[PDB]
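Take a look at the structure set out below.
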RNA sequence: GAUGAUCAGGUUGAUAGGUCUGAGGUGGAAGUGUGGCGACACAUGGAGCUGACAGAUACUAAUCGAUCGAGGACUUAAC
RNA sequence: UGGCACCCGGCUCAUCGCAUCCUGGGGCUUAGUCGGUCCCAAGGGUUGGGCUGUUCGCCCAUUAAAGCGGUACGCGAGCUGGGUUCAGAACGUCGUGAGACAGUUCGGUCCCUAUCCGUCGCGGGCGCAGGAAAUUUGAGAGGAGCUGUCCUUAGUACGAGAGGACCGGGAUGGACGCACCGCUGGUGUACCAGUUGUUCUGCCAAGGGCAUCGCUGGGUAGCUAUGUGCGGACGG
RNA sequence: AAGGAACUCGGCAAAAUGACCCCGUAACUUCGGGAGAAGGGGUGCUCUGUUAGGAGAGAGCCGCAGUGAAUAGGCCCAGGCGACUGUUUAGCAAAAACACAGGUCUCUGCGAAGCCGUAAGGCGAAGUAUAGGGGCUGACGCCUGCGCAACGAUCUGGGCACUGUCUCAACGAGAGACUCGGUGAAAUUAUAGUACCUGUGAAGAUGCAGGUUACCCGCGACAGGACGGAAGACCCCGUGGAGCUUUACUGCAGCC
RNA sequence: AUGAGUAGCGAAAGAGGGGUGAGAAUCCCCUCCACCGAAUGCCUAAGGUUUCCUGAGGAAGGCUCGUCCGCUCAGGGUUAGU
RNA sequence: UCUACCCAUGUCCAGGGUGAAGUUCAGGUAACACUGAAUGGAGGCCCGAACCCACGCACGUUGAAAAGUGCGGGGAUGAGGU
Ligand SMILES: Nc1nc2c(ncn2[C@@H]2O[C@H](COP(=O)(O)OP(=O)(O)NP(=O)(O)O)[C@@H](O)[C@H]2O)c(=O)[nH]1
């Protein structure tokens with residue numbers, strides 16, 4: 002099956018309503034790290050709220 | 001499946017070569033036409 | 002029991018009725034071994050106000066005396082009858098004169114009416130697995146019809162122009178829709194004319210054995226390398242050999268139709 | 001579970017040794033039968049001489065089946081072959097003897113004569 | 002139910018046998034999170050086998066441990082290390098011996114990685 | 001349960017894994033003795049092994065924190 | 001150089017009409033047993049095969065019954081040349097030559113990622129005069145609706161007799177539907193055993209890899225029917 | 001599980017036989033075959049045992065199962081057609097169509113007859129009527145039509161084995177589908193803010209009239225409509241072509 | 001431009017540890033595992049004409065990534081009386 | 001340089017079956033043709049790999065491919081393939 006007619010700009014913009022991303026989980030810097038992710042390591046030194054690992 | 005072009009250097013020179021063209025009159029006419037147009041390569 | 006009646010048989014009746022006018026003379030083929038049971042009342046009811054001759058094909062396989070007696074019975078009944086062997090022309094020469102004598106009345110009426118005499122139009126009709134195509138091929142000497150050793154070979158009626166003298170119409174065999182007397186059905190099945198994959202072969206073999214014991218005890222005695230006449234069938238079956256318990260029934264019916272025995276008739 | 005085109009074997013001295021079912025009686029669209037039911041069958045193997053003949057259409061009662069019957073108390077029964085007894089419309093044995101074991105369910109279906117003639121009833 | 006890991010049974014068993022003997026030598030490895038969660042069930046069973054210690058148990062673990070050098074100087078393979086100086090470490094601790102430690106995804110395909118180590 | 005969704009839980013706790021007892025399944029483990037020339041049989045022993053099923057037990061993971069979310073409009077009748 | 005009328009079968013899914021096949025209620029014409037005929041009624045139901053081109057078609061065996069029709073053959077971007085329907089071949093009939101008829105037969109290629117409206121499921125917003133957590137009424141809509149035997153009534157109503165109702169009770173089936181794995185079975189590729197060939201752990205004994213899970217005998221949880229439980233009863 | 005062709009135009013497809021030895025083999029026949037016809041029996045390991053010279057016989061021991069896995073023929077009846085082995089529409093038709101061995105008719109005395117070329121020059125052939133061109137048939141046994149022995153991916157019919165073809169479906173494995181990270185096209189397309197029912201209309205309405213329903217936006221599925229999309233899947237007509245046949249004409253070929 | 005962030009990414013077993021690097025599932029090294037083996041082995045035709053070796057590179061080409069390449073720059077390489 | 005036919009020169013075909021002519025001994029004879037035994041190895045012979053075809057079904061049909069793949073099938077010392 003091929004499209005019967007082209008789709009206007011309005012319909013396309015209305016279809017793309019739910020096509021977006023999500024703001025991630027933001028937590029505290031572990032062991033003065035840099036703003037690590039929830040239930041994960043610090044970007045600086047792999048720290049768990051100050052519990053460094055790896 | 002075998003495609004129609006199976007390259008071979010000897011047959012190419014024997015059929016479309018310079019001396020084959022120069023052997024007969026029509027080949028000389030072909031060479032004259034290609035010279036008149038100015039093609040960089042002529043014969044084969 | 003025996004019910005075989007496909008659709009081409011039904012269409013044959015309608016075609017014959019729709020092309021009845023052109024017919025001049027009718028040949029009704031009847032097997033010699035069973036002259037009375039081989040007649041078809043269903044097709045005879047349609048066929049009236051038309052002269053006809055009874056033909057007895059496969060006359061080499063039947064006893065001469067009983068066939069001649071049946072010929073007399075047909076003759077004094079009020080109908081002309083003849084005995085013919087299709088595979089080798091025995092009585093084929095004496096049918097054109099008979100047709101001429103029968104149709105001479107209309108022929109002379111037309112001649113005095115002021116037209117040239119024309120070809121005789123004949124229609125051949127009968128039950129399947131009788132020589133309704135071999136006879137045509139012999140008569141035309143051309144081998145133009147298809148023949149086989151099983152019923153139901155041809156499927157459509159066809160015109161055959163034999164010279165400037167005959168126009169023959171062929172026809173697939175026709176059977177009545179429902180049998181009434183089981184003995185007639187048994188005899189027909191024995192002689193062929195039925196597909197043989199619709200019927201019970203054991204009953205056919207039993208009928209053959211009991212008829213043989215009643216009529217030709219000596220031929221049953223000679224049989225094929227065994228000499229006994231007990232009460233049951235299992236005595237003869239296990240002559241030459253797990254062996255086939257009762258598939259030998261086919262053997263019993265295999266040879267008889269090929270006349271391994273001598274000539275016989277069931278009447 | 002007997003159905004159309006299922007070959008049973010007779011267990012009586014009538015002359016028929018194997019039958020083939022044609023239809024299962026007792027319903028608009030019934031397609032299966034079990035122990036104690038009645039079926040219509042055609043005889044496929046018989047002696048040339050005898051009471052019954054090949055090709056005859058009769059009716060019979062099932063007495064044995066590979067899958068048996070679930071009894072009330074949770075007990076199950078099962079045999080090793082499917083067998084039937086040819087009967088008349090009045091529910092009497094056409095033959096004279098019954099061979100082999102016979103299921104007890106027949107007794108509750110008022111098949112008293114067959115049960116009586118049976119050698120051993122389980 | 003067990004995870005399938007998107008492979009045939011034979012290859013799944015091969016991966017499990019490879020990883021469970023790579024962990025015993027190294028004592029901490031880095032894999033994907035869904036592949037390290039399916040691994041914690043086998044290492045602890047092997048550790049219990051090592052803690053049993055009798056000959057019948059040792060020949061049971063010999064069918065699930067590959068032949069690798071492990072320590073170099075004293076020439077002890079994976080099985081000898083498992084039965085020698087690991088069953089002695091976990092002598093009074095009954096239960097879990099492993100720790101799963103999540104971290105971020107990786108550049109190539111965004112799969113979430115994790116580190117699994119002995120306790 | 002396609003993904004969202006729904007439901008059971010988040011250290012005053014039995015949500016999942018492991019461990020210890022079971023239930024089912026299979027059918028007499030390795031080792032060592034004895035008998036036989038040998039293939040093999042017997043004892044130690046309803047033995048050994050056991051994915052998804054039960055009951056106990058915080059041994060390992062369910063830390064942090066972040067975001068959202070009211071102060072009750074107007075008129076007329078009975079206070 | 002006549003006469004005078006007319007202008008594709010099968011599969012999977014269904015839905016509607018009544019001009020009613022069965023079941024319900026009636027007059028009747030018909031002892032009862034029955035049967036025939038004519039009204040009112042569309043809720044549900046309305047079969048498996050053999051020969052066969054299913055035809056101007058035969059038969060077998062059941063059932064309370066095996067109704068007639070409309071929807072672009074109802075239905076090919078859902079499936080089947082299986083008829084129709086092509087280029088290769090035999091026989092045929094007509095023809096003065098270029099050809100005419102199909103009269104019989106054998107073989108013989110179409111595809112499509114769903115844009116919009118439609119149907120079947122599942123979510124995200126906001127609204128509902130304060131924010132929330134539960135429990136709910138019911139304007140409306142959909143589902144279900146079928147029948148057979150046997151015992152009593154008592155052979156009593158009847159019928160000289162032979163023969164025989166019957167809808168009030170009571171049991172028990174057929175088909176269909178909804179659930180579930182305690183029983184009987186099925187599968188059950190990270191469960192348990194037997195065994196062939198070859199290769200590997202230095203060798204014996206113990207084991208691993210590959211050969212459709214190498215092949216065989218069993219099989220827990222889960223999912224299941226052919227297994228089990230229940231339903232359509234009335235009543236206003 | 002139970003049944004075993006009940007499906008269907010049709011056993012299409014799938015299932016079933018298969019290896020090594022030892023017994024046993026029909027009708028028919030062109031006497032060569034048919035024929036691996038059809039049907040039965042045995043295979044593991046140990047000892048006896050340089051086993052006689054690698055047995056064979058004997059004794060024993062295990063499992064449900066002994067060519068223990070992979071690879072190895074399904075079989076039997078009856079009719080047409082063609083004798084057989086072979087060749088054909090590359091890319092719809094592998095056949096009963098073509099060829100074939102044999103038979104028969106006709107021309108040719110050698111610069112042969114036939115062909116290719118305007119001619120020179122060649123093939124036939126360096127060959128000579130037991131040898132060469134051109135037609136028609138198509139083995140060989142019985143007649144001036146009748147025989148199927150052997151062969152066949154041939155066309156019709158039947159019977160065994162065996163089974164998910166089905167009564168009636170149920171689980172399990174793998175690659176897609178689905179979610180996430182990377183990269184990222186196509187046919188189609190007048191603008192569209194694109195319901196339903198009875199009517200009307202070039203005659204088959206999301207767009208017209210009357211009425212009934214319907215909060216805004218998405219994801220996974222189905223295929224009734226948009227006379228759905230792409231190469232018309234065919235009835236006329238071209239005082240449109242090409243091809244073909246002459247008691248239609250007129251030219252040039254050859255021969256007399 | 002729409003279809004749309006949709007179909008596809010062209011048969012197949014990899015796992016872990018080190019190293020380089022601004023950046024590593026894809027590059028290099030090590031250890032296990034796995035497939036072909038009458039070839040998925042080696043040697044030399046037709047054919048191609050710099051694709052061969054070493055050092056640098058991250059525009060474009062590799063159906064993703066790339067510190068890598070049959071890609072881009074520089075250099076170098078083919079010895080016959082048999 | 002693809003395909004049709006022809007001309008001159010090379011090259012390829014794992015294994016296993018059946019057993020013609022001829023020859024020798026010899027019942028038979030006076031010796032045959034015919035018995036058997038031994039030897040012998042013919043065939044547009046048989047089963048079947050490499051090789052060459054293309055009969056059935058399924059998939060693919062904006063394909064891996066402008067004629068392919070998978071499982072079965074025919075010929076396979078010759079009127080052969082290259
Ligand atoms: N012995 C013998 N056989 C004969 C005779 N006539 C015919 N046959 C046999 O019959 C067979 C052919 O019969 P046929 O005429 O075709 O029968 P049919 O009536 O035409 N059958 P259908 O009409 O269906 O084609 C052959 O086997 C032929 O040998 C006869 O006179 N004698």
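Chains as they are written, first to last, in the UniProt record's numbering: chain W, 2 to 55; chain H, 1 to 44; chain P, 2 to 242, 253 to 278; chain X, 1 to 122; chain Y, 2 to 120.
Each residue gets a CB set at the ideal place from its N, CA and C atoms; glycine is no exception.
Sorry if obvious, but does the Cβ on residue i come closer than 7 Å to a heavy atom of ligand 1?
i	result
residue 32/X	no
residue 2/X	no
residue 8/P	no
residue 118/P	no
residue 259/P	no
residue 154/P	yes
residue 17/P	no
residue 173/P	yes
residue 129/P	yes
What is the DSSP secondary structure of residue i, counted as helix, strand or coil?
i	result
residue 5/P	coil
residue 177/P	coil
residue 107/X	helix
residue 69/P	helix
residue 85/Y	helix
residue 64/X	strand
residue 11/X	coil
residue 29/H	helix
For residue i, which residues in chain P fall below 8 Å Cβ to Cβ?
i	result
residue 93/X	Within 8 Å Cβ-Cβ: nothing; residue 93/X doesn't reach chain P, min ~25 Å.
What does residue i reach in chain P if we use C-beta pairs closer than 7 Å?
i	result
residue 49/X	233
Under 9 Å between beta-carbons, which chain W residues line up against residue i? List them in chain order, please.
i	result
residue 5/Y	In chain order: nothing, as chain W lies at least about 26 Å away.
What does residue i touch in chain W if you count any residue whose Cβ is under 7 Å from its own?
i	result
residue 103/Y	40 and 41
residue 116/Y	55
Just the chain Y side, please: which residues come within less than 8 Å of residue i by C-beta, in chain order?
i	result
residue 47/W	104
Quick one: list the residues of chain X neighbouring residue i, beta-carbon separation under 7 Å, in chain order.
i	result
residue 182/P	Simply none; closest approach about 18 Å.
residue 207/P	48
Just the chain X side, please: which residues come within less than 8 Å of residue i by C-beta, in chain order?
i	result
residue 204/P	53, 54 and 55
Any heavy atom of ligand 3 closer than 7 Å to the Cβ of residue i?
i	result
residue 143/P	Among the ligands in the structure shown, ligand 3 does not appear; only ligand 1 can be found there.
Residue ranges of each beta strand (DSSP E) run of no fewer than 3 residues wholly in the segment 83 to 152 of chain P, ordered along the chain?
With a minimum length of 3 residues, the continuous beta strand (DSSP E) runs that stay inside the segment 83 to 152 of chain P are 121 to 127.
For the structure I just gave you, are there three or more beta carbon pairs, one from the segment 193 to 207 of chain P and one from the segment 65 to 72 of chain P, closer than 8 Å?
With the cut-off at 8 Å, the segment 193 to 207 of chain P and the segment 65 to 72 of chain P do not touch.
Is the segment 171 to 179 of chain P touching the segment 138 to 155 of chain P in the sense that three or more CB pairs, one from each, lie closer than 8 Å?
Output reads yes: the segment 171 to 179 of chain P touches the segment 138 to 155 of chain P.
Taking 8 Å as the threshold, find out whether the segment 93 to 102 of chain X comes into contact with the segment 4 to 14 of chain X through three or more Cβ pairs.
The segment 93 to 102 of chain X makes contact with the segment 4 to 14 of chain X: 3 or more CB pairs, one atom from each, lie closer than 8 Å.
Taking three-plus beta-carbon pairs below 8 Å as touching, is the segment 91 to 105 of chain P in contact with the segment 22 to 34 of chain X?
Contact between the segment 91 to 105 of chain P and the segment 22 to 34 of chain X is absent, because fewer than three Cβ pairs lie under 8 Å.
Alpha helix (DSSP H) runs wholly inside the segment 177 to 215 of chain P, at least 4 long, in chain order
Runs of the alpha helix (DSSP H) inside the segment 177 to 215 of chain P: 183 to 192.
Is there contact between the segment 26 to 42 of chain X and the segment 64 to 73 of chain X, where contact requires at least three CB pairs shorter than 8 Å?
With contact defined as three or more Cβ pairs closer than 8 Å, the segment 26 to 42 of chain X and the segment 64 to 73 of chain X are in contact.
Quick check: the segment 28 to 43 of chain P against the segment 53 to 64 of chain P, are at least 3 beta-carbon pairs closer than 8 Å?
They touch, by the three-pair rule.
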